[PDB]
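Below is one structure, written out as structure tokens; the observations come after it.
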Amino acid sequence: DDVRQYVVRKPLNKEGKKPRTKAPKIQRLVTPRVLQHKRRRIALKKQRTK
RNA sequence: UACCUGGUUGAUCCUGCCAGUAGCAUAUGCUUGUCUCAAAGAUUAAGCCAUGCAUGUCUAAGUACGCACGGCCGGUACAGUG
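With the entry's author numbering as the guide, the letters of the first sequence map in order to residues 151 to 200.
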């Protein structure tokens, strides 16, 4: 299941302002940056062994 | 600048101190136009203390769901500043 399509929203409404919705930032979420950080530090494990 | 001078006797020469002399530090008195630098609640009481201040801190890079403000363009995980 995709996790990011299941976040609750904040129905953010105040007078005079535009209608707004707001969502939190998901933590402990596997993203293409996290997987690059993991494989970068095994590129350092190989560099030291060489 | 490696220095003495007054005072014991009727007069002398001594011993010998007292007093004078110059600086330097704290206070104090009287006086004080300019300008440069500058010590400053140590001495008595390491006594007692109203009030204020003297220690806080965020970057691209720990954690942002405060509309606090704006803001995409509007299904759009999290724009951003915070």
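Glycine residues also receive a C-beta, built at the ideal position from the N, C-alpha and C atoms.
- Pairing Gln155 with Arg191, the inter-Cα distance amounts to about 31 Å.
- Contact check for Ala173 and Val157: beta-carbon distance about 5 Å, within the 8 Å limit, so the pair qualifies.
- Contact between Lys188 and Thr171 is absent: CB atoms are separated by about 33 Å, not below the 8 Å threshold.
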